[PDB]
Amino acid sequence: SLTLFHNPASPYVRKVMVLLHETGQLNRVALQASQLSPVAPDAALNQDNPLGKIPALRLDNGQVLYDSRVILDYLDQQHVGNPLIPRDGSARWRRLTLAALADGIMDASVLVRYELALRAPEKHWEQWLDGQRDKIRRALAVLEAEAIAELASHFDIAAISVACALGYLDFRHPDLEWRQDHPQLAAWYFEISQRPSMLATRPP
């Protein structure tokens, strides 16, 4: 069977968990708990993913896949349902670009979390923090437009990725109050939060 390095905070892990739920493949995956940060290595994880990041997926044959987008691609090709990642043509490119937009939000969000929670306050750099927050805000604006119609078309790779990014803002960055100025996105997210796969994968 498969083994996924996991913890319930990670929104990248959450993408994987949501895809597993949606595709009926939770039964294939043992969870290996990991607590970690860039200054607190997990030695067991590092033996499998030298980058020291989660998610990482150990296959039945012992090979390891990372990062999250590689794992999601692998898992999407294992089931016979409709794919969550379009296999060809225009949709493939469009939906993977929205997924990358969402990953960029997560990347900035995690960096701001680590600076605020781990770095000594006297070493915080406010202009850096605000630059990351502004990159998140600009991406949210594009998502507001996408929430008009494109986002809701399918609960697929793009929708999962965006949903996990918004859930992570709620969890670690409520001060960004993303709903206040993004009502269309707020409505979309309120709906997709009720999906069983989202309810089962919320952070602590």
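Note that residue numbering begins at 1 and tracks the sequence as displayed.
Enquirer: Quick check: 102-110 versus 117-125, which has the larger average CA B-factor in the record?
Expert: According to the PDB entry, the answer is 117-125.
Enquirer: Return whichever of 147-155 and 45-53 has the greater mean Cα B factor according to the PDB record.
Expert: The stretch with the larger average C-alpha B-factor is 147-155.
Enquirer: From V29, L166, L65, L176, can you pick the one with the highest C-alpha B factor in the entry?
Expert: Comparing C-alpha B-factors across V29, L166, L65, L176, the maximum falls on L176.
Enquirer: What third of the chain does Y189 rank in for C-alpha temperature factor, lowest, middle or highest?
Expert: Middle third - that is where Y189 ends up once the chain's C-alpha B-factors are sorted.
Enquirer: Please say which third, lowest, middle or highest, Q77 falls into when its CA temperature factor is compared across its chain.
Expert: It belongs to the highest third of the chain when residues are ordered by C-alpha B-factor.
Enquirer: Rank-wise, by C-alpha B-factor, drop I71 into the lowest, middle or highest third of its chain.
Expert: CA B-factor rank for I71: lowest third.
Enquirer: Per the entry's values, where does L96 land by CA temperature factor relative to the rest of its chain, in the lowest, middle or highest third?
Expert: Lowest third.
Enquirer: Could you look up the Cα B-factor of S161 in the entry and say which third of the chain it sits in: lowest, middle or highest?
Expert: For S161, whose C-alpha B-factor we compare with every modelled residue in the chain, the answer is the lowest third.
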